[PDB]
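Below: the structure, in structure tokens.
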């Protein structure tokens, strides 16, 4: 029942040995401020990948 | 008769005023915890929140 319970997709070519997929993320924050403010928080981002056979 | 002309000079500063445009730094993310603060007087830090 494996092929009827879990989905089956066709993206790989017959000549491929490996594949890869990626994921992303982010961070950040905010604050209550006043006028004449010189310091402010900052934000960034990330990334990751995984493989197969 | 004889006319008169006068001259007055303004004051140069007020309490709590920035003197020059040289390199400075201001922290705007600050909260008054207890009492009132006089513009022109030093302050102190009670605690800095971690998060």
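How much length is gained on full extension from residue B:17 to residue B:4, taking 0.36 nm per residue of separation minus their Cα-Cα distance?
Answer, rounded to one decimal: 1.2 nm.
Order these peptides, B:27-36, A:4-13, by their mean beta-carbon neighbour count within 10 angstrom, highest first.
B:27-36, A:4-13
Quickly work out the residue A:30-to-residue A:9 label distance, labels modelled 7 Å from Cα along the C-beta direction, and quote it in nm with one decimal.
In this crude label model, residue A:9 to residue A:30 measures out at 3.5 nm.
When Cβ neighbours within 10 Å are restricted to other protein chains, what is their mean count per residue of peptide A:26-35?
Partner-chain Cβ atoms within 10 Å, mean over residues of A:26-35: 2.
Which whole-angstrom value gives the distance between the alpha carbon centres of the range A:16-49 and chain B?
Answer, in whole Å: 37.
Quantify how strongly other chains surround peptide B:28-41 by giving the mean number of their Cβ atoms within 10 Å of each of its Cβ atoms.
Details: counts 10, 9, 5, 2, 0, 0, 0, 0, 0, 0, 0, 0, 0, 0.
Taking all residues of B:28-41 together, the mean is 2.
Using ideal geometry, Cβ is built from the backbone for each residue, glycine included, and neighbour counts are taken over all protein chains shown. Only the coordinates and a few stated rules stand behind these numbers; no lab work does.
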